[PDB]
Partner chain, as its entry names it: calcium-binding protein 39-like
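Read the single chain below, which is given as structure tokens and is the form deposited without its partner chain.
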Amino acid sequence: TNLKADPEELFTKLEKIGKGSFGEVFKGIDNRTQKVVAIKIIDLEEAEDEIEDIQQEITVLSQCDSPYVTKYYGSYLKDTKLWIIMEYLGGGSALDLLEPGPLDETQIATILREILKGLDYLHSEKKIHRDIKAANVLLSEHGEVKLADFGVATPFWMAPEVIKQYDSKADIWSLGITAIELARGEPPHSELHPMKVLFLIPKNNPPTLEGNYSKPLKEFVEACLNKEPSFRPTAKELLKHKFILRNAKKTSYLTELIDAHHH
């Protein structure tokens, strides 16, 4: 977290690539290497109790060294603005890639498998992602799949025990919801007011995947979406799930999904 270096000099800020947590995010250029980066700019005068959450997310990202976690390159403070520099992933989010139409089960399994590799990494490091969902899964222009936007230490992807106040198995529930989101376009209860969903997730039976999907995909979802966390499999075990093994293919095939999105 460098305090003398000037980030206007080190980076060229390009177009906004969305609003993230706590500030605007820009495509940018590292002027020394010409590599494309993602730049989040947070106004610290506009942040109340958020500054502690920002620092905690920086710390966690700095401790991750995995091809399945968006890389953190550093941060800078210029007058009142914190610049956070991260790996730029040109494929967009998995949520973005749902827009042209439905994924097939090969694409779903490939994305889930790469998410599981990230979760296996994090849980083996004694970390919890805490916000697994399609919008937080970023793809490189080559089809590599990475996790982003860790949750701080909207309810639709939250495990019931998280809502009732848990461990890494909460990520497995969120993965199940993400599986449904990748199959259907949106999570269970997405039509409902969030405050309704807050009491439905604890109260109701767990969601199931409805529609003409393979039984292994439906069983993948069911295994993740058990109200009892100890009954959920680990990420390691789910990497061997028949749905994953029978359907996932090379990640480079996902470039066809990325091109379809830039139709």
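Positions refer to the first chain, counted from 1. Throughout, rigid core stands for the largest set of C-alpha atoms superposing within 1.5 Å between the two forms.
Just so you know, the form solved in complex with its partner chain exists too; it's not on screen, but the next bit is about it.
For the residues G74, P160, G185, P155, the 4.5 Å heavy atom test against its partner chain in the deposited bound form is passed only by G74.
Taken together, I58, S62 and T80 are fully in contact with its partner chain in the deposited bound form: each brings a heavy atom within 4.5 Å. Although the partner is absent from this view, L44 contacts its partner chain in the deposited bound form, with a non-hydrogen atom inside 4.5 angstroms.
Although the partner is absent here, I51 sits close enough that one of its heavy atoms falls within 4.5 Å of its partner chain in the deposited bound form. Taking the core as reference between the shown form and the other one, the lone member of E210, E237, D65, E46 whose Cα moves by 2 Å or more is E46. Comparing the forms between the shown form and the other one, the C-alpha position of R246 differs by less than 2 angstroms, with the core used for superposition. Taking 2 Å as the criterion, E222 does not count as shifted between the shown form and the other one: its C-alpha moves by less than this amount when the rigid core is aligned. Comparing the forms between the shown form and the other one, the C-alpha position of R32 differs by 2 angstroms or more, with the core used for superposition.
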